[PDB]
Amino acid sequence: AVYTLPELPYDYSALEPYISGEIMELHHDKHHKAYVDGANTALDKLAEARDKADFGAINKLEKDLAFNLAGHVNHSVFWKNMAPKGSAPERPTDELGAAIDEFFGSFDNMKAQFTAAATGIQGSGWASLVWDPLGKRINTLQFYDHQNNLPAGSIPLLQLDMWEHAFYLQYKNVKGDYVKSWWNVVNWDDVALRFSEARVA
């Protein structure tokens, strides 16, 4: 209804051998699709709650909305944050490259901090590079599940799915290798565009 499932800007197997087509197909067709259906159903439920003036399940509906909508947002950004190797620059440049050096010291320091945040998660979660509109800087955050451990108003620039379904079929328990191979398919041109729009408040 309100939300729709976006299609991939590339073929399921375009990111191989870094991320297999098997994961991509299940991740998109099964997982992401579930969040879209869940977010719409949450809205229908909230609408029905208003019509009958019965808000007894408000706590459930607010979590259903937050969980599924955050899942939809996180994955929509995730797909575009990636592109076949060689399709995008190896490292950030111009506006983004300068900003990263300012807030992290160097590209490698930002990479090290992002990596540490990605692998240290106790449970499901995400590693994220966001624009802080209040402090007007780029920070790294560690999301719990899809909707926890983040300030309101945070604009996602670059995100990495650290839920097990994103790497288990390929890397098993070795998260370190998954994050290692992911750096090869990061679409820095997409992050650059997000950084530009985020900068206008």
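So that there is no doubt, residue numbering starts at 1 and follows the sequence shown.
Enquirer: Can you tell me which stretch has the higher mean Cα B-factor, 47-55 or 137-145?
Expert: Between 47-55 and 137-145, it is 47-55 that shows the higher mean C-alpha B-factor.
Enquirer: Averaging only over Cα atoms, indicate whether 88-96 or 70-78 has the higher B-factor in the PDB entry.
Expert: Between 70-78 and 88-96, it is 88-96 that shows the higher mean C-alpha B-factor.
Enquirer: Among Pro156, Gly176, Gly38, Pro151, where is the Cα B factor highest in this entry?
Expert: Top of the list by C-alpha B-factor: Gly176.
Enquirer: Compare the C-alpha B factor of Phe114 with those of the other modelled residues in its chain, then answer lowest, middle or highest third.
Expert: Its C-alpha B-factor belongs to the middle third of this chain's values.
Enquirer: Select lowest, middle or highest to describe the third in which the CA B-factor of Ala192 falls within its chain in this entry.
Expert: Ranked within chain, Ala192 CA B lands in the highest tercile.
Enquirer: Is the Cα B-factor recorded for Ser128 in the lowest, middle or highest third of its chain?
Expert: Middle third of the chain for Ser128's C-alpha B-factor.
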